[PDB]
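K.L.:
Before I ask anything, let me first share the structure, which is written out below as structure tokens.
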Amino acid sequence: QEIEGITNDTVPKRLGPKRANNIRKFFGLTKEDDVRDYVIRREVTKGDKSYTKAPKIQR
RNA sequence: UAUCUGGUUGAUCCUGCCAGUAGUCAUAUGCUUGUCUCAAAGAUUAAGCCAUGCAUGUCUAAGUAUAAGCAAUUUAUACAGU
Ligand SMILES: [Mg+2]
Ligand SMILES: [Mg+2]
Ligand SMILES: [Mg+2]
Ligand SMILES: [Mg+2]
Ligand SMILES: [Mg+2]
Ligand SMILES: [Mg+2]
């Protein structure tokens, strides 16, 4: 028996990987593939203006 | 910038203290008090107690920002502005 929303509904991860190695771990890409391509960008709205926030991929 | 006088007796000269005397960046306290300038101030009694508040935090082009923070527009879909 699934309890209301604890097992039924899911809350996603707040953050994505910050380190390049960590990023690689998240997908499984190997050295050649590079970063940039698979970064979790957040898109925030003030009210009318919609803008973007992206992680600084250290290392 | 080294100063003495009153008090022992009927008077005397002393020895002596006592009293005055002058000061204190030494306290208190009493009246009093308009003015500038400079300003000590719970040491002394109990290093006794303590309500409340404050008395140490710090960021630069240059350690760490996906603030679901602000910004917002004529460097971005890697970051690059506070
Ligand atoms: Mg770096
Ligand atoms: Mg005699
Ligand atoms: Mg006489
Ligand atoms: Mg005297
Ligand atoms: Mg005047
Ligand atoms: Mg005391």
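A note on labels: chains of the structure tokens are A, B, ... as shown, every chain counts residues from 1, and ligands are counted from 1 in their shown order.
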With a distance threshold of 10 Å and counting only C-alpha atoms (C1' of nucleotides), extract the residues of chain B near chain A and express them as a PyMOL selection string.

P.N.:
chain B and resi 65-66+68+70-72+77-80

K.L.:
Could you write those residues out with N, CA and C atoms (P, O5', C5', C4', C3', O3' and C1' of nucleotides), as a PDB file, in the first residue's frame?

P.N.:
ATOM      1  P     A B  65      32.041  28.787  -7.172  1.00  0.00           P
ATOM      2  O5'   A B  65      30.456  28.789  -6.997  1.00  0.00           O
ATOM      3  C5'   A B  65      29.806  29.707  -6.098  1.00  0.00           C
ATOM      4  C4'   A B  65      28.307  29.517  -6.160  1.00  0.00           C
ATOM      5  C3'   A B  65      27.623  30.030  -7.426  1.00  0.00           C
ATOM      6  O3'   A B  65      26.676  29.095  -7.926  1.00  0.00           O
ATOM      7  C1'   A B  65      26.901  31.277  -5.492  1.00  0.00           C
ATOM      8  P     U B  66      26.981  28.305  -9.283  1.00  0.00           P
ATOM      9  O5'   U B  66      25.537  28.134  -9.935  1.00  0.00           O
ATOM     10  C5'   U B  66      24.724  29.278 -10.272  1.00  0.00           C
ATOM     11  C4'   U B  66      23.294  29.037  -9.853  1.00  0.00           C
ATOM     12  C3'   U B  66      23.105  28.651  -8.387  1.00  0.00           C
ATOM     13  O3'   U B  66      22.986  29.740  -7.463  1.00  0.00           O
ATOM     14  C1'   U B  66      21.703  27.364  -9.873  1.00  0.00           C
ATOM     15  P     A B  68      17.746  31.655  -7.426  1.00  0.00           P
ATOM     16  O5'   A B  68      16.394  32.293  -6.868  1.00  0.00           O
ATOM     17  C5'   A B  68      15.134  32.088  -7.539  1.00  0.00           C
ATOM     18  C4'   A B  68      14.182  31.262  -6.697  1.00  0.00           C
ATOM     19  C3'   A B  68      14.787  30.470  -5.535  1.00  0.00           C
ATOM     20  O3'   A B  68      15.003  31.148  -4.284  1.00  0.00           O
ATOM     21  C1'   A B  68      13.240  29.118  -6.769  1.00  0.00           C
ATOM     22  P     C B  70      13.451  38.833  -6.299  1.00  0.00           P
ATOM     23  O5'   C B  70      14.505  39.983  -6.634  1.00  0.00           O
ATOM     24  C5'   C B  70      14.459  41.253  -5.954  1.00  0.00           C
ATOM     25  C4'   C B  70      15.784  41.977  -6.033  1.00  0.00           C
ATOM     26  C3'   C B  70      16.074  42.743  -7.313  1.00  0.00           C
ATOM     27  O3'   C B  70      15.366  43.967  -7.491  1.00  0.00           O
ATOM     28  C1'   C B  70      18.021  41.595  -6.645  1.00  0.00           C
ATOM     29  P     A B  71      14.762  44.342  -8.937  1.00  0.00           P
ATOM     30  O5'   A B  71      15.992  44.125  -9.930  1.00  0.00           O
ATOM     31  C5'   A B  71      17.056  45.095 -10.051  1.00  0.00           C
ATOM     32  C4'   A B  71      18.295  44.474 -10.662  1.00  0.00           C
ATOM     33  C3'   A B  71      18.469  44.687 -12.164  1.00  0.00           C
ATOM     34  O3'   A B  71      19.133  45.927 -12.404  1.00  0.00           O
ATOM     35  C1'   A B  71      18.836  42.398 -11.622  1.00  0.00           C
ATOM     36  P     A B  72      18.350  47.160 -13.079  1.00  0.00           P
ATOM     37  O5'   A B  72      17.970  46.603 -14.524  1.00  0.00           O
ATOM     38  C5'   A B  72      16.598  46.465 -14.951  1.00  0.00           C
ATOM     39  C4'   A B  72      16.538  45.888 -16.350  1.00  0.00           C
ATOM     40  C3'   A B  72      15.327  44.999 -16.658  1.00  0.00           C
ATOM     41  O3'   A B  72      14.735  45.122 -17.963  1.00  0.00           O
ATOM     42  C1'   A B  72      17.315  43.786 -17.039  1.00  0.00           C
ATOM     43  P     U B  77      23.656  33.157 -27.114  1.00  0.00           P
ATOM     44  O5'   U B  77      23.403  32.073 -25.971  1.00  0.00           O
ATOM     45  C5'   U B  77      23.663  30.668 -26.181  1.00  0.00           C
ATOM     46  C4'   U B  77      24.237  30.045 -24.928  1.00  0.00           C
ATOM     47  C3'   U B  77      24.636  28.571 -25.037  1.00  0.00           C
ATOM     48  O3'   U B  77      25.862  28.285 -24.359  1.00  0.00           O
ATOM     49  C1'   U B  77      23.172  28.869 -23.213  1.00  0.00           C
ATOM     50  P     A B  78      27.296  28.632 -25.012  1.00  0.00           P
ATOM     51  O5'   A B  78      27.950  29.581 -23.909  1.00  0.00           O
ATOM     52  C5'   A B  78      28.828  29.078 -22.875  1.00  0.00           C
ATOM     53  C4'   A B  78      28.051  28.327 -21.811  1.00  0.00           C
ATOM     54  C3'   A B  78      27.913  29.040 -20.463  1.00  0.00           C
ATOM     55  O3'   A B  78      26.603  29.590 -20.337  1.00  0.00           O
ATOM     56  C1'   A B  78      29.056  26.969 -20.183  1.00  0.00           C
ATOM     57  P     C B  79      26.344  30.904 -19.448  1.00  0.00           P
ATOM     58  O5'   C B  79      26.772  30.451 -17.982  1.00  0.00           O
ATOM     59  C5'   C B  79      26.674  31.371 -16.882  1.00  0.00           C
ATOM     60  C4'   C B  79      27.816  31.185 -15.909  1.00  0.00           C
ATOM     61  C3'   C B  79      28.446  32.472 -15.406  1.00  0.00           C
ATOM     62  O3'   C B  79      27.696  33.083 -14.357  1.00  0.00           O
ATOM     63  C1'   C B  79      30.144  30.897 -15.937  1.00  0.00           C
ATOM     64  P     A B  80      27.164  34.592 -14.512  1.00  0.00           P
ATOM     65  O5'   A B  80      28.440  35.385 -15.053  1.00  0.00           O
ATOM     66  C5'   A B  80      29.594  35.625 -14.218  1.00  0.00           C
ATOM     67  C4'   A B  80      30.725  36.238 -15.017  1.00  0.00           C
ATOM     68  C3'   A B  80      30.532  37.701 -15.432  1.00  0.00           C
ATOM     69  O3'   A B  80      31.488  38.545 -14.794  1.00  0.00           O
ATOM     70  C1'   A B  80      31.421  36.387 -17.219  1.00  0.00           C
TER      71        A B  80
END

K.L.:
Return as JSON, numbers by chain the full set of residues in chain A whose backbone-based DSSP assignment is strand (DSSP E).

P.N.:
{"A": [42, 43, 44, 45, 50, 51, 52, 53]}

K.L.:
Okay, now the selection with N, CA and C atoms, as an mmCIF file, in the first residue's frame?

P.N.:
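Dumped to result.cif:
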data_model
loop_
_atom_site.group_PDB
_atom_site.id
_atom_site.type_symbol
_atom_site.label_atom_id
_atom_site.label_comp_id
_atom_site.auth_asym_id
_atom_site.auth_seq_id
_atom_site.Cartn_x
_atom_site.Cartn_y
_atom_site.Cartn_z
ATOM 1 N N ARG A 42 18.723 26.900 -14.918
ATOM 2 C CA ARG A 42 17.465 27.326 -14.317
ATOM 3 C C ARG A 42 16.957 28.553 -15.064
ATOM 4 N N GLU A 43 15.649 28.589 -15.305
ATOM 5 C CA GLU A 43 15.015 29.722 -15.975
ATOM 6 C C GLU A 43 14.005 30.395 -15.046
ATOM 7 N N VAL A 44 14.367 31.597 -14.601
ATOM 8 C CA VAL A 44 13.627 32.340 -13.580
ATOM 9 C C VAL A 44 12.906 33.538 -14.205
ATOM 10 N N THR A 45 11.698 33.794 -13.697
ATOM 11 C CA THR A 45 10.864 34.923 -14.108
ATOM 12 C C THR A 45 10.692 35.927 -12.966
ATOM 13 N N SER A 50 11.907 37.039 -18.485
ATOM 14 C CA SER A 50 12.348 35.667 -18.227
ATOM 15 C C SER A 50 13.843 35.548 -18.504
ATOM 16 N N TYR A 51 14.609 35.143 -17.488
ATOM 17 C CA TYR A 51 16.070 35.042 -17.630
ATOM 18 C C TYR A 51 16.693 33.761 -17.068
ATOM 19 N N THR A 52 17.970 33.554 -17.391
ATOM 20 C CA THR A 52 18.653 32.276 -17.172
ATOM 21 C C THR A 52 19.760 32.336 -16.120
ATOM 22 N N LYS A 53 19.863 31.263 -15.335
ATOM 23 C CA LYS A 53 20.952 31.060 -14.374
ATOM 24 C C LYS A 53 21.590 29.688 -14.594
#

K.L.:
Write out as a ChimeraX atom specification each polymer residue (protein, DNA or RNA) that has an atom no more than 12 Å from ligand 2, with only C-alpha atoms (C1' of nucleotides) and all ligand atoms counted.

P.N.:
/B:8-9,14-16

K.L.:
Would you save the residues of that selection, restricted to N, CA and C atoms (P, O5', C5', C4', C3', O3' and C1' of nucleotides), as a PDB file, in the first residue's frame?

P.N.:
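Output file out_16.pdb is given in full below:
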ATOM      1  P     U B   8      51.270  80.693  79.818  1.00  0.00           P
ATOM      2  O5'   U B   8      51.811  79.585  80.826  1.00  0.00           O
ATOM      3  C5'   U B   8      52.587  78.460  80.373  1.00  0.00           C
ATOM      4  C4'   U B   8      52.656  77.431  81.473  1.00  0.00           C
ATOM      5  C3'   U B   8      53.470  77.835  82.705  1.00  0.00           C
ATOM      6  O3'   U B   8      52.863  77.293  83.893  1.00  0.00           O
ATOM      7  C1'   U B   8      54.360  75.864  81.801  1.00  0.00           C
ATOM      8  P     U B   9      51.768  78.134  84.776  1.00  0.00           P
ATOM      9  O5'   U B   9      52.677  79.135  85.619  1.00  0.00           O
ATOM     10  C5'   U B   9      53.436  78.665  86.751  1.00  0.00           C
ATOM     11  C4'   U B   9      54.388  79.733  87.228  1.00  0.00           C
ATOM     12  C3'   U B   9      53.778  81.104  87.466  1.00  0.00           C
ATOM     13  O3'   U B   9      53.135  81.171  88.735  1.00  0.00           O
ATOM     14  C1'   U B   9      55.818  81.322  86.265  1.00  0.00           C
ATOM     15  P     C B  14      66.321  81.389  76.049  1.00  0.00           P
ATOM     16  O5'   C B  14      65.331  80.228  76.515  1.00  0.00           O
ATOM     17  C5'   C B  14      65.413  78.907  75.948  1.00  0.00           C
ATOM     18  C4'   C B  14      66.004  77.928  76.935  1.00  0.00           C
ATOM     19  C3'   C B  14      65.645  76.474  76.687  1.00  0.00           C
ATOM     20  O3'   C B  14      66.597  75.955  75.765  1.00  0.00           O
ATOM     21  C1'   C B  14      65.416  76.999  78.990  1.00  0.00           C
ATOM     22  P     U B  15      66.117  75.096  74.499  1.00  0.00           P
ATOM     23  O5'   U B  15      65.585  73.753  75.162  1.00  0.00           O
ATOM     24  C5'   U B  15      66.522  72.816  75.711  1.00  0.00           C
ATOM     25  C4'   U B  15      65.783  71.672  76.341  1.00  0.00           C
ATOM     26  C3'   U B  15      64.639  71.111  75.517  1.00  0.00           C
ATOM     27  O3'   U B  15      65.249  70.095  74.727  1.00  0.00           O
ATOM     28  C1'   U B  15      63.936  71.497  77.755  1.00  0.00           C
ATOM     29  P     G B  16      64.707  69.737  73.262  1.00  0.00           P
ATOM     30  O5'   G B  16      63.417  68.865  73.579  1.00  0.00           O
ATOM     31  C5'   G B  16      62.132  69.417  73.317  1.00  0.00           C
ATOM     32  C4'   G B  16      61.108  68.873  74.271  1.00  0.00           C
ATOM     33  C3'   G B  16      59.695  68.950  73.717  1.00  0.00           C
ATOM     34  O3'   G B  16      59.346  67.645  73.247  1.00  0.00           O
ATOM     35  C1'   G B  16      59.870  70.286  75.678  1.00  0.00           C
TER      36        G B  16
END

K.L.:
Give the residue list for ligand 4 at 9 Å, counting only C-alpha atoms (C1' of nucleotides) and all ligand atoms, as an NGL selection string, sorted by chain and then by residue number.

P.N.:
:B and (18-21)

K.L.:
Those residues you just picked out, can you put them in a file as a PDB file, in the first residue's frame with C-alpha atoms (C1' of nucleotides)?

P.N.:
ATOM      1  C1'   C B  18      50.747  71.453  72.033  1.00  0.00           C
ATOM      2  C1'   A B  19      48.368  75.268  68.835  1.00  0.00           C
ATOM      3  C1'   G B  20      48.619  78.261  64.916  1.00  0.00           C
ATOM      4  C1'   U B  21      51.100  78.708  59.921  1.00  0.00           C
TER       5        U B  21
END

K.L.:
What do you get as a PyMOL selection string if you pick all residues at most 12 Å from ligand 6, counting only C-alpha atoms (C1' of nucleotides) and all ligand atoms?

P.N.:
chain B and resi 42-49

K.L.:
In Å, with one decimal, what is the gap from CA of residue 20 (chain A) to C1' of residue 63 (chain B)?

P.N.:
18.6 Å

K.L.:
Hey, what does DSSP flag as alpha helix (DSSP H) within chain A? Can you give it to me as a PDB file with N, CA and C atoms, in the first residue's frame?

P.N.:
ATOM      1  N   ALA A  20      33.391  18.821 -12.922  1.00  0.00           N
ATOM      2  CA  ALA A  20      33.369  18.202 -14.251  1.00  0.00           C
ATOM      3  C   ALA A  20      33.313  16.689 -14.146  1.00  0.00           C
ATOM      4  N   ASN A  21      34.136  16.145 -13.249  1.00  0.00           N
ATOM      5  CA  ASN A  21      34.143  14.716 -12.949  1.00  0.00           C
ATOM      6  C   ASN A  21      32.759  14.277 -12.472  1.00  0.00           C
ATOM      7  N   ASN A  22      32.170  15.078 -11.582  1.00  0.00           N
ATOM      8  CA  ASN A  22      30.844  14.787 -11.049  1.00  0.00           C
ATOM      9  C   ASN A  22      29.808  14.760 -12.161  1.00  0.00           C
ATOM     10  N   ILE A  23      29.905  15.732 -13.062  1.00  0.00           N
ATOM     11  CA  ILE A  23      29.019  15.830 -14.222  1.00  0.00           C
ATOM     12  C   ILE A  23      29.122  14.567 -15.075  1.00  0.00           C
ATOM     13  N   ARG A  24      30.361  14.145 -15.306  1.00  0.00           N
ATOM     14  CA  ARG A  24      30.665  12.955 -16.093  1.00  0.00           C
ATOM     15  C   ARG A  24      30.014  11.726 -15.455  1.00  0.00           C
ATOM     16  N   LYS A  25      30.153  11.631 -14.131  1.00  0.00           N
ATOM     17  CA  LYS A  25      29.560  10.555 -13.335  1.00  0.00           C
ATOM     18  C   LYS A  25      28.047  10.491 -13.540  1.00  0.00           C
ATOM     19  N   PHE A  26      27.383  11.652 -13.518  1.00  0.00           N
ATOM     20  CA  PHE A  26      25.924  11.753 -13.680  1.00  0.00           C
ATOM     21  C   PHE A  26      25.375  11.152 -14.981  1.00  0.00           C
ATOM     22  N   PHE A  27      26.175  11.184 -16.045  1.00  0.00           N
ATOM     23  CA  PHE A  27      25.736  10.724 -17.369  1.00  0.00           C
ATOM     24  C   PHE A  27      26.477   9.473 -17.859  1.00  0.00           C
TER      25      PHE A  27
END

K.L.:
Between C1' of residue 73 (chain B) and CA of residue 48 (chain A), measure the distance and give it in Å to one decimal.

P.N.:
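Going from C1' of residue 73 (chain B) over to CA of residue 48 (chain A), I get 14.0 Å.
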
K.L.:
Please, what distance in Å, to one decimal, runs between CA of residue 47 (chain A) and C1' of residue 69 (chain B)?

P.N.:
14.1 Å

K.L.:
If the limit is 12 Å from any atom of ligand 5, counting only C-alpha atoms (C1' of nucleotides) and all ligand atoms, which residues qualify? Return them as a PyMOL selection string.

P.N.:
chain B and resi 34-36

K.L.:
Can you write just those residues out, C-alpha atoms (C1' of nucleotides), as a PDB file, in the first residue's frame?

P.N.:
ATOM      1  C1'   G B  34      28.052  85.062  36.234  1.00  0.00           C
ATOM      2  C1'   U B  35      32.294  84.172  32.454  1.00  0.00           C
ATOM      3  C1'   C B  36      35.913  81.772  29.007  1.00  0.00           C
TER       4        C B  36
END
